[PDB]
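Any read-out appearing in this document is the output of simple, stated calculations on the displayed coordinates, not a laboratory observation. In this analysis, Cβ positions are derived from the backbone assuming ideal geometry, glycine residues included, and neighbour counts consider all displayed protein chains.
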Amino acid sequence: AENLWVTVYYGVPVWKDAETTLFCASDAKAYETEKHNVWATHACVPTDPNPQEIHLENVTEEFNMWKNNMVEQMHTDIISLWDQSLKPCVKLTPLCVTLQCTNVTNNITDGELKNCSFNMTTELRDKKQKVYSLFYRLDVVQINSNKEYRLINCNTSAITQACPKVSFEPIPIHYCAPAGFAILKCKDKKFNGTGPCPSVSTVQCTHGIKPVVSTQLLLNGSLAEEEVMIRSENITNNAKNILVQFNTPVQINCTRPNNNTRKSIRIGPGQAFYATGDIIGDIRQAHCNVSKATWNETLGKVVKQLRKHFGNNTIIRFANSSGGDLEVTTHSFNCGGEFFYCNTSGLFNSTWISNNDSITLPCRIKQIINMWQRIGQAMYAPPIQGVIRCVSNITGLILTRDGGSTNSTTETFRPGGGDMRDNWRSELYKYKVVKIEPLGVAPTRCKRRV
Amino acid sequence: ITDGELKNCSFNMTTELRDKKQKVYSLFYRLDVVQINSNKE
Amino acid sequence: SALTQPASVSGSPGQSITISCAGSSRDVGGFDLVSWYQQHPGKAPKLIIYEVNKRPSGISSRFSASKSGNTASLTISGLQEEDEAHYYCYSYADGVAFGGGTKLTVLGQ
Amino acid sequence: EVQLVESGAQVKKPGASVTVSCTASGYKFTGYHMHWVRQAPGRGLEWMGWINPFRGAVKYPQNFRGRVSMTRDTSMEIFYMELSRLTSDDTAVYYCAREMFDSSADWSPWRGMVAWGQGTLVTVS
Amino acid sequence: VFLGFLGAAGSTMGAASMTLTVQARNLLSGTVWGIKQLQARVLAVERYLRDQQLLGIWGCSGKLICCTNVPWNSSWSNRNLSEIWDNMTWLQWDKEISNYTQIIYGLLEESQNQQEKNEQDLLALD
């Protein structure tokens, strides 16, 4: 009559906040760039032919892109495709035999690199092998007659050469979920981050993300919606990393005009070491032709989003990174299997007033890397046969800011930070993991039998 | 004296650089080592 | 400079002292990040208090600080010669606020 | 226990710059922010720069940027700094000191200097 | 108008009890670089078999909807019926039971099928 019960439903639209594990998906197609599993696409399973996005009206779930447990899940993947394409190749501790290096065969005009030579073994055990290679003066360092050299890692790390088969080109991956868990997307335009987002949408597989080894800037990435995204966990804390995501790509023409010869050195049996073959003729260093028109275009767009952050009539400075390793001070990015650092001093320097050619950037090359600071496992990047032109969408930016100084009269800004969790976050800023609680209850007038 | 049960044992060893060899002595307990068949080595 | 410290402070052997740290609602009021220090003239310092009122394990229980809106404070009771030292403060401020140096003298002239 | 250990004393002339260091041990170097701050005897402490040892990010004030360069090493396990362009007004006892709340992912703050070096003296006359 | 999966998110409880075969159909739905799949799927039926578990022990078994023989203990925030079904959603409902559902849920199982199914072996025998 009027004595209420409880009634059980199954499949109610209900969810909570909980963190868990996803899985990779690169369609039934990305497998065909081959190059013996570029990066990570091998045993990973193809994607479903249609990622269903369902928009939600009248749904205000509180979001988080910073403590977001997926920004850290992403940072862990790049280490294991490394390890499971590292531990089964060529370990190179014999490469810590003293070297003899010299400014190369030129009319001087010094030389950045060295025409080196040193001692190794061959197919046979008793008999051994000397062979010459060419190293950047960054890759090597002196020791104490001429100046004698040795490799930079030998005072820190043993080394394992990678395999030239596995290409280090960042390969896109979708992030997908199973039953009981799913992914939210705050597709909204004017989205300020912290907390409730009025137009949530839900998906099974996120939009494809590229693991581009890119500090400061971001390349081959995700464009913004409407305005330019300007994020920072705490803008009043210059130790917090500040990250940019443009909606417009700046063009870059990175290349390395050198025909490289791969010397196949027997140091095994089996193990094949690659030495710098005689570089062909005229000598030019790696660079990137940046369209200055596209550069200053996105410059004026974001700068004007910033006077709204400080009074009404102000003075805004721009400078280069105040200091940091090559990943921090320069623009670091892989280019064909090798690694470039393009001296961002030729980008950050300006001041304008109240009323065809191309800039280009000088890039260095680094092969020996102890990246991921996994002291115990460093590596050598195999050499690349073929000039590496590389265009990509300049997508992001990582920077900080100065301190107190003289107030109001001005305040300055400069790039830095470096830490790749921001660059990874620029691809996951709009996502949040939840768990479904499909059981629902209510008191109706319904009774069963006894 | 006032005793030894341990020794002061010098030896050569391959260091970080493959060509450089290193002088260093350690101390071991009489269980960690064994003589093989004058002073003793 | 970058932090409002007092010109000179004073206290007597056998009594007690306390110090005021005042600012705006943008620096102390909204951020639980105020730390305090004690250092003999020229010696190695050691953190007295952090996060408004928490000491490291090894610091005396005679120390304890506060945060009242835009006016924070540290209080010492029962002065010994353990406290014949110079005193500093610290506050949350964009990059970092740094004090100008409060000298411990004798008041009465 | 963990420590922050600095070098000895060095006396210089005007128009110079000084090597002053502060090594560390007892923990995993890579995750500890570090500051160089200078104290005048019985006065106060003035800030010149800080370092993120994860790839070396540094920052200074504006009476220092250009003068101060500042770095570290992550397997030799040591912090450096050299304020260049010395005058007779740049004498101080320089302290390395580590923050309270660092990590390897998120960040904050600027607080809490528990571990302190003994202080390295630099004189210019 | 077929609003999708959980498309009845911010809509009335009555309308949001319609698609009970939409948030329960696809709760099962029929080397390295491969650990990821074989790891994540071990969580799909853990938060699905829990539901195939709990309906069976309640007065349910038969999927979707099924009632109970339990007193709605009025110590719970009881409200007027024209202020519940006529107007509330399944997203505003579950926020209320939050603070005490660990005291609330100890009944359907401890009371009904512990006795209302022991009125059936106080029925069928002699």
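Evaluated against (1) under 28 Å from A:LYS187 (Cα atoms); (2) surrounded by fewer than 19 Cβ atoms within 10 Å (Cβ to Cβ), A:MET70 falls short on exactly one condition, (2). For region C:28-42, give me the residue count where each residue is within 20 Å of D:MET100 (Cβ to Cβ) and in contact with an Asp or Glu (Cβ under 9 Å, 6 or more places away or on another chain). Total meeting the criteria: 5. Checked across region E:77-88, the condition of being within 7 Å of another protein chain (Cβ to nearest Cβ) and either surrounded by fewer than 13 Cβ atoms within 10 Å (Cβ to Cβ) or not acidic (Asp, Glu) (or both) holds for no residue.
Residues in region D:51-65 that are among the hydrophobic types (A, V, I, L, M, F, W, C) and not in a strand (DSSP E or B) were compared, and the one that is nearest to the other protein chains (Cβ to nearest Cβ) is D:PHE54. Among residues of region A:88-134 being within 14 Å of another protein chain (Cβ to nearest Cβ) and among the β-branched types (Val, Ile, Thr), the one that is surrounded by the fewest Cβ atoms within 10 Å (Cβ to Cβ) is A:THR93. Scan region B:7-14 and give yes if some residue there is more than 14 Å from chain A (Cβ to nearest Cβ), closer than 22 Å to A:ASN119 by Cα and loosely packed, with under 10 Cβ neighbours inside 10 Å, otherwise no. Within region B:7-14 (the criterion being more than 14 Å from chain A (Cβ to nearest Cβ), closer than 22 Å to A:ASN119 by Cα and loosely packed, with under 10 Cβ neighbours inside 10 Å), the answer is yes, since at least one residue qualifies. Listed conditions (1) away from chain C (no Cβ under 14 Å); (2) touching a strand residue (DSSP E or B) at 6+ places or on another chain (Cβ under 9 Å); (3) buried (at least 21 other Cβ atoms within 10 Å of the Cβ); (4) not aliphatic (A, V, I, L, M) are all met by D:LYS13, apart from (3). Could we say that D:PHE79 is within 11 Å of the chain's Cα centre (by Cα), within 28 Å of C:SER1 (Cβ to Cβ) and not β-branched (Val, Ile, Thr) here? So D:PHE79 passes the test. When region D:66-89 is filtered for residues that are in a strand (DSSP E or B), within 11 Å of another protein chain (Cβ to nearest Cβ) and surrounded by fewer than 21 Cβ atoms within 10 Å (Cβ to Cβ), the ones remaining, listed by number, are D:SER69, D:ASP73.
Checked against (1) among the aliphatic types (A, V, I, L, M); (2) at the interface with chain A (Cβ under 9 Å from one of its Cβ atoms); (3) surrounded by fewer than 16 Cβ atoms within 10 Å (Cβ to Cβ); (4) under 17 Å from the mean Cα position of the chain (by Cα), E:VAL22 passes all but condition (3). Mind counting the residues in region A:89-116 that are of a type outside the set (A, V, I, L, M, F, W, C), over 20 Å from A:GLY268 (Cα atoms) and within 32 Å of the chain's Cα centre (by Cα)? Result for region A:89-116: 3. Elements of the type strands (runs of 3 or more DSSP E) sitting completely within chain C and holding at least 2 residues that are of a type in the set (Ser, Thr, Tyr) and surrounded by fewer than 14 Cβ atoms within 10 Å (Cβ to Cβ): these cover C:8-10, C:16-22, C:71-77. A residue that is over 22 Å from D:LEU45 (Cα atoms) and out of contact with any strand residue (DSSP E or B) (no Cβ under 8 Å at 6 or more places or on another chain) occurs nowhere in region C:38-50.
Residues that are aromatic (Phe, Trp, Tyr) and surrounded by fewer than 20 Cβ atoms within 10 Å (Cβ to Cβ) within region A:324-367 comprise A:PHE348, A:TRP352, listed in sequence order. Would you call A:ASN259 part of a loop (DSSP other than H, G, I, E, B) and more than 26 Å from A:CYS342 (Cβ to Cβ)? Taking the combined requirement at face value, the residue does not satisfy it.
For region A:319-349, the candidate set comprises residues that are of a type in the set (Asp, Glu) and within 14 Å of chain D (Cβ to nearest Cβ); within that set, the residue that is nearest to A:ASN37 (Cα to Cα) is A:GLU327.
Quick grid of which residues meet (1) basic (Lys, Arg); (2) part of a loop (DSSP other than H, G, I, E, B); (3) under 14 Å from the mean Cα position of the chain (by Cα); (4) more than 7 Å from chain A (Cβ to nearest Cβ):
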{"residue": "E:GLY7", "(1), (2), (3), (4)": "no, yes, no, no"}
{"residue": "E:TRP33", "(1), (2), (3), (4)": "no, yes, no, no"}
{"residue": "E:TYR48", "(1), (2), (3), (4)": "no, no, yes, no"}
{"residue": "E:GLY59", "(1), (2), (3), (4)": "no, yes, yes, no"}
{"residue": "E:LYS63", "(1), (2), (3), (4)": "yes, yes, yes, no"}
{"residue": "E:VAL70", "(1), (2), (3), (4)": "no, yes, no, no"}
{"residue": "E:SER74", "(1), (2), (3), (4)": "no, yes, no, yes"}
